[PDB]
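This document opens with one chain alone, in structure tokens, the form deposited in one PDB entry.
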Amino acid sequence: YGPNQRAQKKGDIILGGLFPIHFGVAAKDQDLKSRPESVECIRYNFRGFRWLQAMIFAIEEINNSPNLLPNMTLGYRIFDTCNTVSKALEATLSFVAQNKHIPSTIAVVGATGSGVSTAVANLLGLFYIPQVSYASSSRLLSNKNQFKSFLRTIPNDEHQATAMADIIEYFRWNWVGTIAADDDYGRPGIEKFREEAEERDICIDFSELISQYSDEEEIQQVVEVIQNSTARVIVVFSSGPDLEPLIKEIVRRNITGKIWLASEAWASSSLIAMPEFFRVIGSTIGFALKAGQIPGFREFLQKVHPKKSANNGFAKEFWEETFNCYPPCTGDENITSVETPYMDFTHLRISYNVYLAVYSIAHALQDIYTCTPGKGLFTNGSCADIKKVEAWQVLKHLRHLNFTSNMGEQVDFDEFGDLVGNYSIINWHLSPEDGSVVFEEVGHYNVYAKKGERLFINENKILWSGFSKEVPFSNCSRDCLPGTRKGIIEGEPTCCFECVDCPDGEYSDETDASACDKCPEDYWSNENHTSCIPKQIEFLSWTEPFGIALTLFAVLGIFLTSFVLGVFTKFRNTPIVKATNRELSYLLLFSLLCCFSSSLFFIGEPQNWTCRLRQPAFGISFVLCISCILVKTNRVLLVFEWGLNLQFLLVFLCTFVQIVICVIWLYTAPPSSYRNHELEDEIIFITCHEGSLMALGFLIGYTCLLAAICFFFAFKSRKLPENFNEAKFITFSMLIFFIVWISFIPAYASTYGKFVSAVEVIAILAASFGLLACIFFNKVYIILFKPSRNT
């Protein structure tokens, strides 16, 4: 006969009912020293009584409506579960009694716990009795090979975990921790969320299991792992009662920084949503089912009364727990005078599910009632009769039930027995009028939209941590700027890293970089390694200061030469001292002009033409000068052996000699005008690699040797006062040549790009300038000075 505290009402058809009027049982572990007696449940749940009242109201409204099942009455045998499996199981045993004078229940509306409903459906489905639950939302109840006769008016919990992952990815967090009740409601949900979050590149720090029967040390361990972690977001998948201990311990230890992502079961629970817990838990964003509309329901709630309720039996205990009677009292108080979750509501969510379940079973019964004997759902097109209806026929009609909810909706269960709905997203607020927690809706989750466009959050209503209004930071490692790259911290997950600076020559312009990048050759990483600047080129220029200085030297020397030439064009035909070979003087002139014009060849950017001509031009001009001054000595050789031409011979001999090696280059190895970077790694250089090193050595040795023999045979006659004793002048000029050449070679041999050209150019310009001076100064001075040359 089941328990004695129950709600009961007769009728042709009887429906079952399991509601959590209490919260749990008295935890007295029977040591079995005596016969174990029937355990007792302890706490009270006004929400559960609201649900039971909703079911009773639905049945009464069905019995009152004249169209749905006329000339037939609905009865019920509603029991209490106290949220435990033992009570539900004894109740269901009282249900299926007559199967194998007692009424035979045809349908069961209840089992609000996914652990409770599992154990109930295991037993009901053995007799094929339809069980229409309203609040059990575990996914395991979708295995229609196990629970053959289980339907539910509440959506499955897959979309809830998907929505959790979507919310976490929307606020751009990647470091969370998960808590789930060690039950059939938290385990599968947390597993689904784990996979959905790992596929979205989200890292999970910790994962713990709790329950209302967990001892104190395990709660200590959980609080420790919560405190010892850096994750700010905590995804809780549990119900009110199985969460209350953890909340009490967290309030006692005063952990304040975290953010709670509430599941639907406890996001609106009065056990948790109280101010002293709110000050500590801070910000909670949770889900909620869609509201309902049961017109005329409040006026039914306001009529509950302990003496005017013979059918309902829990009304007495309700009166007691709400007024503390039997301190005996009157029984004529007002339910509106005290504030309890009973009528302190604005949106009916689970009560609407109970209403819908009762109405769906009534509609299946009507469907069986309005049959046509030819188009039935059973074998041979036959159909069943409502006077001897059995449970399996009602199950058959429920599988194919498809009707219209008074809100103008379409109600029809899937092939997995469940319905589907679109969630509201609420965020906990503190009412400035009362102090109580009030749930304000801030977002929506439409599950019909395509994957990726389902969530809609209105961010300006979310109140973060009570005061501030920017999204808190809950990443593992700080995201560091461009110029840096991620760096593995071994042991830690893929979301936690250090970041190391990029070396020079590599850059990174992106945030969250995986590796730095080498830029092309003529580019180089800048000072912040964020963008490569074209690598600086360097060479001798014209706007450059030293460029202008040597240009000044060259042009002034050429101007001196042009002055000498003009003067000689004025006074050519006077052999006063020009009795010597005037042609030899003019040839010295043009040779020195070519020398001074060889300057320009080392001023700009060296292309191949430039230096490929800058070696031979200097070569020929310099050997012309030195050979002219060589043969410009005494005619000893002439005495030993047409016109001046014979002397020309010697020069037009010796020049050609050098010229030979010259052409060698142009047909063995031109001086390559190329670049070089290895020497600086920051600034590029451009020079000319000499085509043949030993051949350049040969060239300079040839010209210098000739000048040396000139010095020898010049100072052997170094004491003859002819033409103002030019012997000392030629020796002085050649000593100038040798000093500049010697001061040139070593410093040159160890110079980098620009200064090789610089040194060579200054050496040549100085040598030729000194020659010009030391040879023409005395003569032009005595002509401009004392016009008397006869001896």
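Rigid core: the largest C-alpha set superposing within 1.5 Å between the two forms. Note that residue numbering begins at 1 and tracks the sequence as displayed.
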Answer with none, 1 to 3, 4 to 9, or 10 or more: how many deposited residues between residue 641 and residue 642 are not present in the coordinates. 10 or more
If the chain runs straight from residue 326 to residue 327, say none; otherwise bin the unmodelled deposited residues as 1 to 3, 4 to 9, or 10 or more. 10 or more
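The protein also exists as the form solved in complex with a small molecule; that form is not presented, and the subsequent description refers to it.
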Thinking of the small molecule in the bound PDB entry, which stretch from 384 to 392, 457 to 465, 613 to 621, 580 to 588 has heavy atoms inside 4.5 Å of it? 613 to 621
With the partner omitted here, the residue among 741, 755, 729, 46 that in the bound PDB entry has a heavy atom within 4.5 Å of the small molecule is 741
Give me the residue from 706, 481, 696, 72 that has a heavy atom within 4.5 Å of the small molecule in the bound PDB entry. 696
Does any heavy atom of residue 60 come within 4.5 Å of a heavy atom of the small molecule in the bound PDB entry? no
So in the bound PDB entry, does residue 734 come within 4.5 Å of the small molecule, heavy atom to heavy atom? no
Any non-hydrogen atom of residue 763 within 4.5 angstroms of the small molecule in the bound PDB entry: yes
Just to confirm, residue 42 within 4.5 Å of the small molecule in the bound PDB entry by heavy atoms? no
Which of 756, 69, 41, 59 has its C-alpha displaced by 2 Å or more between the shown form and the other one after core superposition? 756
After superposition on the rigid core, does the Cα atom of residue 571 shift by at least 2 Å between the shown form and the other one? yes
Rigid core fit then residue 30 CA moved by 2 Å or more between the shown form and the other one: no
